[PDB]
Amino acid sequence: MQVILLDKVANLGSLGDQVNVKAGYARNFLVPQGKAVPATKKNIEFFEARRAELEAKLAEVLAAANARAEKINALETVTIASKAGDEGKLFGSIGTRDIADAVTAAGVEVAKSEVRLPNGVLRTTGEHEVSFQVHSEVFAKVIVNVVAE
Amino acid sequence: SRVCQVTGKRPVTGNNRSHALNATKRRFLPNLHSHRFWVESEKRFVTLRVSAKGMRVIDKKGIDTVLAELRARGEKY
RNA sequence: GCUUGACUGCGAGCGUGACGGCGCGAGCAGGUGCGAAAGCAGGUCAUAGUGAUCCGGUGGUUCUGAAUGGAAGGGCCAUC
RNA sequence: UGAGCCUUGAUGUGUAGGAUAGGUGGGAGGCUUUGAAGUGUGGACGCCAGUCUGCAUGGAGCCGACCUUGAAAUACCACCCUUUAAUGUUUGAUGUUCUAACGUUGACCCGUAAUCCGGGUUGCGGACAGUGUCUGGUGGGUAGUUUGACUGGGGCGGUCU
RNA sequence: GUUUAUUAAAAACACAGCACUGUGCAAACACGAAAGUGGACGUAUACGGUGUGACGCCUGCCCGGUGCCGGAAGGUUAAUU
RNA sequence: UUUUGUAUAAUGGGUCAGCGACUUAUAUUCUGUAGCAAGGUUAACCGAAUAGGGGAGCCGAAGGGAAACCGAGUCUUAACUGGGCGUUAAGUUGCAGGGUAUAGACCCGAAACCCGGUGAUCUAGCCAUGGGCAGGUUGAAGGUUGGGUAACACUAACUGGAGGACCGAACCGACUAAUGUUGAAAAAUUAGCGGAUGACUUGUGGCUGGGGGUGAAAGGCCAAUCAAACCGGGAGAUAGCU
RNA sequence: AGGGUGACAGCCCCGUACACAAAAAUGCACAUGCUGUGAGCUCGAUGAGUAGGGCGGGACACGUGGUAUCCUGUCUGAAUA
RNA sequence: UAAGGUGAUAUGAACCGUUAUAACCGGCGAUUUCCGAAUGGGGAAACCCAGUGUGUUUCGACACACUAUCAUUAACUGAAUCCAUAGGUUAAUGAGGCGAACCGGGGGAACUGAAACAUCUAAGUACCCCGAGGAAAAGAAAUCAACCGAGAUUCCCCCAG
Ligand SMILES: [Mg+2]
Ligand SMILES: [Mg+2]
Ligand SMILES: [Mg+2]
Ligand SMILES: [Mg+2]
Ligand SMILES: [Mg+2]
Ligand SMILES: [Mg+2]
Ligand SMILES: [Mg+2]
Ligand SMILES: [Mg+2]
Ligand SMILES: [Mg+2]
Ligand SMILES: [Mg+2]
Ligand SMILES: [Mg+2]
Ligand SMILES: [Mg+2]
Ligand SMILES: [Mg+2]
Ligand SMILES: [Mg+2]
Ligand SMILES: [Mg+2]
Ligand SMILES: [Mg+2]
Ligand SMILES: [Mg+2]
Ligand SMILES: [Mg+2]
Ligand SMILES: [Mg+2]
Ligand SMILES: [Mg+2]
Ligand SMILES: [Mg+2]
Ligand SMILES: [Mg+2]
Ligand SMILES: [Mg+2]
Ligand SMILES: [Mg+2]
Ligand SMILES: [Mg+2]
Ligand SMILES: [Mg+2]
Ligand SMILES: [Mg+2]
Ligand SMILES: [Mg+2]
Ligand SMILES: [Mg+2]
Ligand SMILES: [Mg+2]
Ligand SMILES: [Mg+2]
Ligand SMILES: [Mg+2]
Ligand SMILES: [Mg+2]
Ligand SMILES: [Mg+2]
Ligand SMILES: [Mg+2]
Ligand SMILES: [Mg+2]
Ligand SMILES: [Mg+2]
Ligand SMILES: [Mg+2]
Ligand SMILES: [Mg+2]
Ligand SMILES: [Mg+2]
Ligand SMILES: [Mg+2]
């Protein structure tokens, strides 16, 4: 019997995959528990809907991850107010809302959460690496030149 | 009676033939088994007296489609 | 001594049988052997030594071949 | 504990030889810092010559036209044939364990003021048992039948062409 | 004690007792296509079958044959493949 | 009637009357007869209905050969001097009849086989629920006493009332004999006989069903029927026999 | 036609041919009306534990035979214009 | 429709009626005990015994109606078990049993014949059972045919013993 799986099973497979199982195993165990459901010309699109209602609503978002992260090389020139003293180093700090409200000027959506700031709080008048949390895996880019003030 | 609720396979009659072709009346009985079938559409076990082929027919058509043919035939299950 | 007539196809006519059948048979065609030749040879001096049909088997034979070409099977001939 | 097989790591001693030439093409050097080459040695294989492998530390080097040789280098690439180690992996046997089928003429609950039945919970067994189809054996327990004729009656004997 | 009602009452049947054997319980076994029911609301000091037939002395040799039980390397062997 | 043969003492018939057995249908062949004739004839059906229509078909006019195939010839064989079957003969459709075939097939007649039912008011066994056994005897265990042992062992008397115990009626049965044998009676009567508190007997009701039951076992009994009941059906079984 | 009438009746009788007939209910036909069922076009769609197979049986005139074809108790199992 | 009538054995009695409620004939109606599918429960058929609800009563008791089972649908309800489901009660609709043959289906003999007998035959006959209808079944090619074509099913005659 060919069936797909709704969960991982020890010596068979993982979270959905068509495999060939003896009829008794599927009939007396896998299907009465929620460990499987056959291919019935529907569950190749219906429980394969957690892999097709998925893709019907996961397909078009793979492109959003790019356009949400491309136009940040347009300026590459941002400077933000904060205290700053001698040696080039800072008085205060740099949170995330500092840069979240700073570049609302730049139009397309930017947040304090979907920007990420390093554990250091950029206490320099000097390049200290930052990045954007646009996509969870693909890292987007941040560098602001805090106004030495 | 020895009848399958899925197929309607009942004992059928025939002949035993020997090498001398002596004929004697005999019956062919189905491979009937009472089996509890999981009706996930209803969250309930349903027990059917079924032939091994009806067991194959349930796997193919699904017990949900099958039982709809039974309550469309009387056949209280 | 030499050889394969213990030949093949036929067969006038007889005999003997209720029938099935069995038997005797010159002569003809083809081919052979023996013999110089006439001729003799279709098994053994004769009379016993056998078993119908069916069902099959084997070989031969393009007779038949269920749309058609084939094949299967069947037929026919030889034999089990 | 038996076998096929995507695919790769091992299998290629007429001998010329620097000593272990299936083969055509792709080509002139492949690997070595996700470690070269030198030592002990892991359990294999071996023509008694070494091929490839597990690991230790290791840290800048083994590897061709090479001259020869019917064949030019495992220098890289690639389909591919003798050989032969492994597993995702297919079904074979045995053994063990399991549970979810199946059983339960165990307990308990309800239907239900019911020693039937059913359902439920639980325990016990458990892929056995049991049943179907097929199959071998056994099978006067039961059935259908056969079991000759001649014949100084029949039977015994004898006989049957 | 029983028996051939209607030609046989007996030396026949039965009998207590004896033995052999089966049977661990959903017992064997039997009636039943089955469900079930008997066995038995019993549990091996029980139950079924067989034979013998109170009691007393006893019950001898033989397992080649046929069955029954058991054993199993080999050979032969069905469906299947 | 049956027989080699019957007055035969072989069979059948008391008599009369009445009934009682070679049919019917379809096929087929032969004969007769009629019609048409190298042609004959239609079937179902249509219907102007015993007409007429309908020639679908059947038979015949050609056979030989296993067949292809050939054809008044063909087959056989390589081929026949040949040989076999054939060419040299009118058939066909009715009507009537004689035979054959299939059907019960001239009528009567089995034992029996099978199917489905009916029956345990008889009997066999069991289940439940009720009843019956006059009267007389024997006198087990135990108990008690006396007797006796260190105590148990133990022995007369009384008591006790066991038993598929004894004699014997009802009751249940049936060993003998006679009678009767178209009986009073399809199993009895008479005289005797056995059991008679038991494995007894009996009433009412109930259960078991035919290859089944039940059977203290005789193949006994299962409604005067039993080595497979009765009734109905298959069924006019079949009957080389009378 | 027939049946009766004191024996055999066209003309005695009942009848027969022929001609007629229904208040009421109803049948089969038609017409028509209420209620429900959908044609017509256009393009799609074309019946799976099925066909087929193995095993065992049956049915087809056809007895497994060289045996097609149908049905299927059991085990299997496609293609899908 | 009618001058005659009150069925028969079957007379008699007491009556009806004669110009249209005598009788007779037809249509629609009415009544239609008890048993019997029998249906409120039982039962040895024609009998026994109820329950509920109304309406009556002189307070002795009366009259009528309903009350089977199964299936379907519905409503209400309702467990073990939260949901639910089984289960329960009621309503409404329908069925039940009889009947000759024909029909379709589910099962299925033997005698007999073969001059015995088993394959075969008898025969899918007899018989049992289920179900239906005025007929039933069957039925619009996954059929035949033979390279020409036919055009669902059923019945008849041939094909043909
Ligand atoms: Mg010659
Ligand atoms: Mg001689
Ligand atoms: Mg041949
Ligand atoms: Mg063909
Ligand atoms: Mg052909
Ligand atoms: Mg016998
Ligand atoms: Mg017989
Ligand atoms: Mg004799
Ligand atoms: Mg005695
Ligand atoms: Mg007697
Ligand atoms: Mg006597
Ligand atoms: Mg004895
Ligand atoms: Mg003795
Ligand atoms: Mg043994
Ligand atoms: Mg005589
Ligand atoms: Mg005489
Ligand atoms: Mg005389
Ligand atoms: Mg005299
Ligand atoms: Mg005499
Ligand atoms: Mg006389
Ligand atoms: Mg006489
Ligand atoms: Mg019978
Ligand atoms: Mg019967
Ligand atoms: Mg008695
Ligand atoms: Mg006594
Ligand atoms: Mg006595
Ligand atoms: Mg008396
Ligand atoms: Mg008397
Ligand atoms: Mg007496
Ligand atoms: Mg006495
Ligand atoms: Mg005897
Ligand atoms: Mg009697
Ligand atoms: Mg009858
Ligand atoms: Mg007779
Ligand atoms: Mg008959
Ligand atoms: Mg088959
Ligand atoms: Mg009543
Ligand atoms: Mg009643
Ligand atoms: Mg027979
Ligand atoms: Mg015979
Ligand atoms: Mg037969």
Side-chain angles (χ1 to χ4, degrees), chain A residues 1-56 129 131 135-139, chain B:
Chain A
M1 188 175 296
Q2 317 301 105
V3 308
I4 52 147
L5 318 180
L6 274 62
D7 280 327
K8 191 189 96 194
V9 167
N11 309 107
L12 279 196
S14 190
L15 306 172
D17 185 48
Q18 278 182 6
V19 300
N20 176 37
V21 53
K22 288 194 189 70
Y25 190 27
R27 168 177 50 243
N28 303 323
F29 182 80
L30 289 178
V31 177
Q33 281 97 34
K35 288 180 190 85
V37 70
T40 194
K41 203 70 173 300
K42 186 55 55 51
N43 298 111
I44 66 181
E45 193 268 330
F46 188 86
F47 271 119
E48 254 335 40
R50 310 304 172 277
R51 298 276 186 282
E53 195 199 351
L54 182 74
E55 303 193 278
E129 194 275 348
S131 284
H135 187 236
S136 303
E137 302 168 1
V138 172
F139 294 173
Chain B
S1 65
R2 285 187 266 239
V3 170
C4 164
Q5 306 201 58
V6 180
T7 47
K9 277 180 167 280
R10 44 185 51 254
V12 307
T13 55
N15 297 132
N16 264 319
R17 309 301 303 226
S18 60
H19 176 76
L21 284 77
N22 306 110
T24 43
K25 277 321 213 160
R26 63 156 283 173
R27 310 169 92 214
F28 299 88
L29 309 173
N31 206 3
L32 249 58
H33 302 280
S34 284
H35 191 267
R36 299 153 59 239
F37 286 104
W38 182 246
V39 194
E40 185 63 87
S41 177
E42 194 158 22
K43 312 274 167 194
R44 183 172 61 105
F45 272 95
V46 169
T47 299
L48 283 179
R49 179 159 194 204
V50 78
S51 65
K53 199 207 196 55
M55 191 128 33
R56 280 175 88 257
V57 173
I58 277 157
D59 292 355
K60 187 167 189 189
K61 309 185 167 152
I63 187 67
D64 50 319
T65 284
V66 166
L67 287 174
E69 292 157 354
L70 274 73
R71 64 197 172 239
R73 223 159 47 169
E75 193 81 72
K76 185 54 52 62
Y77 54 88

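Every chain is numbered from 1, with letters handed out A, B, ... down the list of sequences. These values consider heavy atoms only, across backbone and side chains, with no hydrogens, waters or symmetry-generated copies.
- Atom P of nucleotide F:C115 and atom NZ of B:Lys25 are separated by 14 Å, given to the nearest angstrom.
- Shown here, E:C20 forms a base pair with E:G49; the pair counts as Watson-Crick or G-U wobble because both key distances fall under 3.5 Å.
- With a glycosidic angle no more than 90° from 0, H:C59 adopts the syn conformation.
- The gap from the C1' atom of G:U72 to that of H:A109 amounts to 25 Å, rounded to the nearest Å.
- F:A105 makes up no base pair with any nucleotide shown, lacking Watson-Crick or G-U wobble contacts both under 3.5 Å.
- Listed by chain and number, the residues in a salt bridge (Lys or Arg N to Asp or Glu O under 4.0 Å) with B:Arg49 amount to none (sequence neighbours excluded).
- Considering only side-chain N and O atoms, B:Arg17 lies under 4.0 angstrom from the phosphate OP1 or OP2 of H:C120.
- Applying the 3.5 Å distance criterion, the base of G:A48 shares a donor-acceptor pair with the side chain of B:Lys60.
- Distances shorter than 4.0 Å separate none of the side-chain N or O atoms of B:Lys53 from OP1 or OP2 on G:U74.
- Pairing for D:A60 is absent, with no Watson-Crick or G-U wobble pair whose two atom distances lie under 3.5 Å.
- Anti is the conformation of F:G195, whose glycosidic angle sits further than 90° from 0.
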Listing time: all N or O pairs from protein to nucleotides 91-96 of chain D that are below 3.5 Å?
none

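- Per the geometry, CZ belonging to A:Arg27 stands 10 Å off P belonging to D:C102, to the nearest Å.
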Worksheet item: When you check every protein heavy atom under 4.0 Å of nucleotides 77-85 of chain H, what one-letter string (B, S, -) results, 5' to 3'?
Response: ---------
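- Regarding contacts with the backbone of G:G57, every side-chain N or O of B:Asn15 stays at 4.0 angstrom or more from both OP1 and OP2.
- Checking the phosphate oxygens (OP1, OP2) of H:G108, a side-chain nitrogen or oxygen of B:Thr13 falls inside 4.0 Å.
- Remark: H:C59 base-pairs with no nucleotide; criterion is Watson-Crick or G-U wobble with both hydrogen-bond distances under 3.5 Å.
- H:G60 adopts a syn glycosidic conformation, its chi angle falling within 90° of 0.
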Contacts under 3.5 angstrom, residues 32-52 of chain A side chains, donor-acceptor by atom type, not counting sequence neighbours:
from    : atom 1 : to      : atom 2 : distance (Å)
A:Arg50 : NH1    : A:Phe46 : O      : 3.4
A:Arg51 : NH2    : A:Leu15 : O      : 2.9

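- In this structure, A:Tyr25 and A:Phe29 have parallel ring planes: the angle between them is below the 30° cut-off, well short of the 60° mark.
- Take A:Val138 and apply the side-chain contact (heavy atoms from CB on, under 4.5 Å) test, not counting sequence neighbours, and it matches A:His135.
- Under the Watson-Crick or G-U wobble criterion, with both distances below 3.5 Å, H:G94 is paired with H:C70.
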Can you name the atoms? Protein N/O to nucleotides 126-134 of chain D N/O, anything below 3.5 Å, with the distance.
from   : atom 1 : to      : atom 2 : distance (Å)
D:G132 : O4'    : B:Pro30 : O      : 3.4
D:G132 : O3'    : B:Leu29 : O      : 2.9
D:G132 : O2'    : B:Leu29 : O      : 2.7
D:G132 : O2'    : B:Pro30 : O      : 3.1
D:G132 : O2'    : B:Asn31 : N      : 3.3
D:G132 : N3     : B:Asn31 : ND2    : 3.4
D:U133 : OP1    : B:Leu29 : N      : 2.8
D:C134 : OP1    : B:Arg26 : NH1    : 3.3
D:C134 : OP2    : B:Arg26 : NH1    : 3.1
D:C134 : OP2    : B:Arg26 : NH2    : 3.1

